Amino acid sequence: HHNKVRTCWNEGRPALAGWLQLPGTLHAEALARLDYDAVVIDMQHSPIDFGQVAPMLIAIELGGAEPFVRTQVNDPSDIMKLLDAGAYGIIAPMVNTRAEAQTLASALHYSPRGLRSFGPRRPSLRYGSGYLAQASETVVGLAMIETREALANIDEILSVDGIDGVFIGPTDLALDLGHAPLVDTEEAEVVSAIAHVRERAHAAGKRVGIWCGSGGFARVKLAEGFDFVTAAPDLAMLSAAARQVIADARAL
């Protein structure tokens, strides 16, 4: 028993992860069974509530990927309930300051390293009675860097011992820097900001991840040395596939 993403990193390999915005277990299991190391459930920009995330985490684990959640907000009590429901990866949006990164770290570890409340319903079933001793290793925590403010604060954020590193939200970052909501961009200012965050993460001996909208862009990010790359949202892949089926059906 081990965190599949931590196993990638311990073997000097990056992790590739899925991204779900659609509630339900069937597609969660089917995607987890593909060559994804993790599958992230998006609880920020989706209609997925806690009652719907709980059985999705089970389905991903059965499919053979590490269950991750991108939370609605950086809130310790929300993050703790997800950990106890068998979320083994947490990505907290809009972490703009060292203090906010400490708030995330506080949720991911038991005392004395954090203030995580004890009652691990699903981790105890997966890991057994030996869980508390290894609990910190079973969990991956990434602070999202999505703003001018987070970019300015990146060295202070990376100095927080309890987070594994940072996950870049490139569309919110492009918007905050005064651009359109650019997806998978080469825009020089946005790309220089993202390169800066990766360079500082690795200099600090921390991990860096990035959200991607396509397989093509994910290959570029992996080939730049990102540690955790997501591609691409279930609803986006499904809509694109339907549009293409319809286009081919209705062609002369």
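In case it trips you up, residue 1 is the first one in the sequence shown, and so on.
Comparing 76-84 with 147-155, the higher mean C-alpha B-factor in the PDB entry belongs to 147-155. Taking the mean C-alpha B-factor of each stretch as recorded, 128-136 and 92-100 are not equal, and the higher mean is that of 128-136. When the Cα B-factors of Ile168, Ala105, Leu142, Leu182 are read from the PDB record, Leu182 comes out highest. In this entry, the residue among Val69, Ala204, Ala54, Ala32 with the greatest C-alpha B factor is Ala204.
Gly12: CA B factor in the highest third of modelled residues in this chain (values from the PDB entry). Ranked by Cα temperature factor within the chain, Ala174 sits in the middle third according to the deposited record. Ranked against the other modelled residues of its chain, the C-alpha B-factor of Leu238 as given in the entry falls in the middle third.
Placement of the Cα temperature factor of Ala65 within the chain: lowest third of the modelled residues, per the deposited record. Per the deposited record, the Cα B-factor of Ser192 falls in the highest third when ranked against the other modelled residues of its chain.
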